[PDB]
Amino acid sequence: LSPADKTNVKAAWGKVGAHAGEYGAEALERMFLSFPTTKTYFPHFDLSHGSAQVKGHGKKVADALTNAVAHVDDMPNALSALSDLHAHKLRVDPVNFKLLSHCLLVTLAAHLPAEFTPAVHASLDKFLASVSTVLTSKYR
């Protein structure tokens, strides 16, 4: 992530403000509907629209991303605990992280008409890819 990418990310994520958790749930819903195979990881969840479990999980995901933004110059350490968790317990196949990243970009695009410029779009894609790389770094 170039310094410019770091600036666009913080600007865009700032605008998200308190809507983060809500955007996190929307992205999950978008993922479950567009890519049905991702549902295999949540057989224990009520995956109906407006589900409390989805909203709750949505906020956890959103909170982690917010933590990543605040520590973009040191994500591996900032997400160390989550990296261990997905690698040793959850064990979600790596391919799935690109599906959620895509749904998160779609969600941001739908809510940030003015901030989602081609440049910002590019920086956010790199940012989520970096996050996904960190979360799967301890798999093998």
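In this text, the rigid core denotes the largest set of C-alpha atoms whose superposition between the two forms falls within 1.5 Å. Residue indices: 1-based, along the sequence shown.
*Asks:* Can you check whether 105-113 or 82-90 lies farther from the displayed model in 6 other deposited structures of this protein, averaging C-alpha distances as RMS after superposing on the core?
*Replies:* Relative to the shown form, the greater RMS C-alpha distance in 6 other deposited structures of this protein belongs to 82-90.
*Asks:* Regarding 89-97 and 63-71, which shows the higher C-alpha temperature factor on average in the entry?
*Replies:* The stretch with the larger mean CA B-factor is 63-71.
*Asks:* If you take the mean CA temperature factor per stretch, which one wins between 8-16 and 21-29?
*Replies:* Taking the mean B-factor of the alpha carbons in each, 8-16 is higher.
*Asks:* From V54, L112, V106, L82, can you pick the one with the highest C-alpha B factor in the entry?
*Replies:* Across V54, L112, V106, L82, the entry lists the biggest C-alpha B-factor for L112.
*Asks:* Taking the values exactly as deposited, rank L135 by C-alpha B-factor within its chain and report the matching third: lowest, middle or highest.
*Replies:* Lowest third, going by the recorded CA B-factors of the chain.
*Asks:* With respect to C-alpha B-factor, does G58 fall in the lowest, middle or highest third of the chain as deposited?
*Replies:* Middle third of the chain for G58's C-alpha B-factor.
*Asks:* With respect to C-alpha B-factor, does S34 fall in the lowest, middle or highest third of the chain as deposited?
*Replies:* Ranked within chain, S34 CA B lands in the lowest tercile.
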